[PDB]
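Visitor: 3D model of this:
(one chain, ligands or ions: 3)
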Amino acid sequence: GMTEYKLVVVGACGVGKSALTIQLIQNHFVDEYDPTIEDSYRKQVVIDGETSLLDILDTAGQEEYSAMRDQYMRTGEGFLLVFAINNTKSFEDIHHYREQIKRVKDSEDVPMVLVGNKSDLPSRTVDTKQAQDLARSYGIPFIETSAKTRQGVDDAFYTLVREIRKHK
Ligand SMILES: */C=C\C(=O)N1CC(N2CCN(C(=O)CNc3cc(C4(C)CC4)c(Cl)cc3O)CC2)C1
Ligand SMILES: Nc1nc2c(ncn2[C@@H]2O[C@H](COP(=O)(O)OP(=O)(O)O)[C@@H](O)[C@H]2O)c(=O)[nH]1
Ligand SMILES: [Mg+2]
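Guide: Numbers count the residues shown, from 1 in each chain. Ligands and ions are numbered 1, 2, ... in the order given. Okay, here it is:
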């Protein structure tokens, strides 16, 4: 059929995973989205002239790391590592998410993008420099987003597709 990318949105509770997903899919900001609901949504896009379908998995719920769940996560082709720029713990968590993804994929070369969300807030506690430097050490792109204003949303997901398209 037509080209498909499975993109998995990860990161701590409350960082804006669901809001980023729904902004990408239907261009509206959701204020309240149940943190236990993990759903996927598919969107037709055109990225660098190539039509494709993005299958976006908005991860949620309990943090349980089992063989079956690992194998399910392994079906993701690229991962958005999302933290919130006003939540230092969510940034500290990022390496844990990354290491679990590498483990399940049996690869140190998995397509990923680091996303600092909630850029519209007055309350930053994570410096852009620190997140850029982390992403550089990982060899992956860094995007800042606001699911509220939509700034950076398409850049984050389309950058992740472009990372997948490099992947050997
Ligand atoms: C407040 C709820 C919420 O938004 N979230 C909890 C946090 N994660 C949800 C998804 N999750 C798991 O399902 C644990 N299993 C698991 C996850 C991964 C990832 C790191 C998500 C890719 C992998 Cl690779 C394997 C397995 O088994 C973690 C916590 C978001
Ligand atoms: N100001 C602001 N609030 C946001 C943004 N993204 C998410 N939120 C709010 O942050 C809370 C958590 O968002 P949610 O999408 O549920 O995060 P998730 O737990 O990672 O799925 C909600 O009240 C959202 O409306 C953002 O970019 N800016
Ligand atoms: Mg959610």
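Visitor: How many residues are close by residue 93?
Guide: By other C-beta atoms under 10 Å, 18 other residues sit near residue 93. For every residue, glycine as well, the C-beta is placed using N, CA and C.
Visitor: got the contact list for the residue in the chain positioned nearest to ligand 3?
Guide: Among all residues of the chain, residue 18 sits closest to ligand 3, at 3.3 Å; criterion: C-beta to the ion. By C-beta atoms under 8 Å, 6 or more residues apart in numbering, the residues touching residue 18 are 30, 33, 35, 37, 58, 60.
Visitor: Could I have the buried ones of the residues you listed as PyMOL selection syntax?
Guide: To isolate the buried ones among these in PyMOL, judged by 16 or more other C-beta atoms under 10 Å, type:
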select buried, resi 33+58+60
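Visitor: Output the contacts of residue 18 in TSV; the columns should cover secondary structure and distance to residue 98.
Guide: Listed next are these as TSV, based on DSSP: H, G, I helix; E, B strand; the rest coil; distance: C-beta to C-beta, whole Å:
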residue	secondary structure	distance to residue 98
30	coil	26
33	coil	24
35	coil	21
37	coil	24
58	strand	18
60	coil	18
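Visitor: Ligand 1 next: which of the contacts of residue 18 are close?
Guide: 35, 60 (C-beta under 6 Å from any ligand atom).
Visitor: Assumed the residue of the chain closest to ligand 3 was part of a helix.
Guide: Yes. With DSSP: H, G, I helix; E, B strand; the rest coil as the criterion, residue 18 is part of a helix.
Visitor: so how far is residue 65 from it?
Guide: As judged by C-beta to C-beta, to the nearest Å, residue 18 and residue 65 stand 21 Å apart.
Visitor: do residue 166 as well
Guide: Distance from residue 166 to residue 65, counting by C-beta to C-beta: 28 Å.
Visitor: Specify the local secondary structure of residue 69.
Guide: Following three-state DSSP, residue 69 is assigned to helix.
Visitor: i'd like the first residue to be 824 from this point on
Guide: Renumbered: residue one is now 824, and that last one reads residue 892.
Visitor: mind listing what's buried in the helix ranked longest in the chain?
Guide: Criterion DSSP state H: the longest helix present in the chain is helix 911-928. Buried residues in helix 911-928, defined by neighbour count with 16+ other C-beta under 10 Å: 913, 914, 916, 917, 920, 921, 923, 924, 927, 928.
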